[PDB]
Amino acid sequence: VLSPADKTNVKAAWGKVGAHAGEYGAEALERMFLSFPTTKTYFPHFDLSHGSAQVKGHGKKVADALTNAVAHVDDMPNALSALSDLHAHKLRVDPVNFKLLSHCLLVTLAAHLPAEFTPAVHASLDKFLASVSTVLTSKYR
């Protein structure tokens, strides 16, 4: 569960992401496909080359869901219900993959937030990404 200091931290860090969420989303995905090649088995339909439009478009959607999760941080199961359904019933990405993407998102933030990625914020973002993942797989079976 996210504490009051966790939410303050996520909101502060994500707030600083601002207009770059889409770009960061795309960069985390590239980091993931490059670092964890098995994750690419879920996008056989994507041209996965650096800067592809498919990956660029998908990163924006991923960052937009996260930006939504921060805005509804005290009500994530509901704010993420549609996405949760999508993942459980159609995509069916195996659960072990959310941790891989979550790690690449933290790495992407670290890389971009020299001042804000303090030990404390890093701890909170990890809990947050872990919580978004749990909601997204909560209806798997």
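All residue numbers are counted from 1 along the displayed sequence. We call the rigid core the largest set of C-alpha positions that still match within 1.5 Å between the two forms.
The stretch that strays farther, by root mean square C-alpha distance over structures and residues in 6 other deposited structures of this protein after a rigid core fit, is 85 to 93, when 107 to 115 is set against 85 to 93. Among the modelled residues of its chain, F43 has a C-alpha B-factor that falls in the middle third, as given in the PDB entry. Remark: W14 belongs to the highest third of its chain, ranked by C-alpha B-factor as recorded. Annotation for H72: C-alpha temperature factor in the lowest third relative to the rest of the modelled chain, per the entry. Sort the chain's modelled residues by C-alpha temperature factor and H103 lands in the lowest third, per the entry. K61 sits in the middle third of its chain by CA B factor, as recorded in the PDB entry.
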